[PDB]
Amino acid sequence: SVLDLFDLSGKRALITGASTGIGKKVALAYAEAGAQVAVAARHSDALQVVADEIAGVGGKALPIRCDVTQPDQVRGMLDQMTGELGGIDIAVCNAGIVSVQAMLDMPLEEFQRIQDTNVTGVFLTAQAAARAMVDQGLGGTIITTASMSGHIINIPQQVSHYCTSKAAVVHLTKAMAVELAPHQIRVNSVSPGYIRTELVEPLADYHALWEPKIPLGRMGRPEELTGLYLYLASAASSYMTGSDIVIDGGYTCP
């Protein structure tokens, strides 16, 4: 049946930025769908909660310390995963950051800091995952967390560096899809709207200004992303590669 297309039994999934928000919910979802899940975060202490919730559904998570901006750590992450799980079938390149700062006042260091995690971290993770998948010869699926910020410019908060980085992620996704298609490795991006998670908690002062801009009238919940990440990680999405998928309560329409 159509339902069995969503089964992840026998699959090995890596999720970066897995300690909170979207990554956390997605890790739990994948375990619920039968996957062996490796969870990565800048500080492995932060992975306790997700690893416990994963145990809670009868799986065992593999926690991995990784700063996705650092090639040596990304290398160590994939080696830890292939070493302990035997390989990798699914990679969610999800670690991301934001700050608020007028473009005219923005130090280069701050511009670059957002590029390094948001674009370079995705590139390093996806490349490492893709290399492992090519070697296996079994195809695979890679998902990147972009943002509606890769399509539109958020207002009133000034986040030009964030917008730049997420447009980069959207198009890097397609570039990798084209190159990896001969290997039957699919690459797609998810572009969430405003989701009530830790990423946006510091921007609570803006929430009430964002809500009237969202046709569905509310910020999303991170649990509302699991169905889509499951879709992309599973056989249900076998014909989809190089796609971006907006999930934003209608925000990008007006």
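Sequential numbering from 1, following the sequence displayed.
Participant: Would you tell me which stretch averages the higher CA B-factor in the PDB entry, 15-23 or 226-234?
Facilitator: Taking the mean C-alpha B-factor of 15-23 and of 226-234, the larger value falls to 15-23.
Participant: Give the stretch, out of 51-59 and 192-200, with the larger mean C-alpha temperature factor in the deposited entry.
Facilitator: Stretch with the greater average CA B-factor: 51-59.
Participant: Quick one: which of 173, 136, 80, 117 shows the highest Cα temperature factor in the PDB entry?
Facilitator: Of the candidates given, the C-alpha B-factor peaks at 80.
Participant: Among the choices 84, 110, 179, 89, identify the one whose CA B-factor in the record is greatest.
Facilitator: 84 has the highest C-alpha B-factor of those listed.
Participant: What third of the chain, by the recorded C-alpha B-factor, contains residue 186?
Facilitator: It belongs to the lowest third of the chain when residues are ordered by C-alpha B-factor.
Participant: Sorting by Cα B-factor within the chain, modelled residues only, which third would residue 95 end up in: lowest, middle or highest?
Facilitator: Its C-alpha B-factor, which the entry lists for residue 95, ranks in the highest third among residues of this chain.
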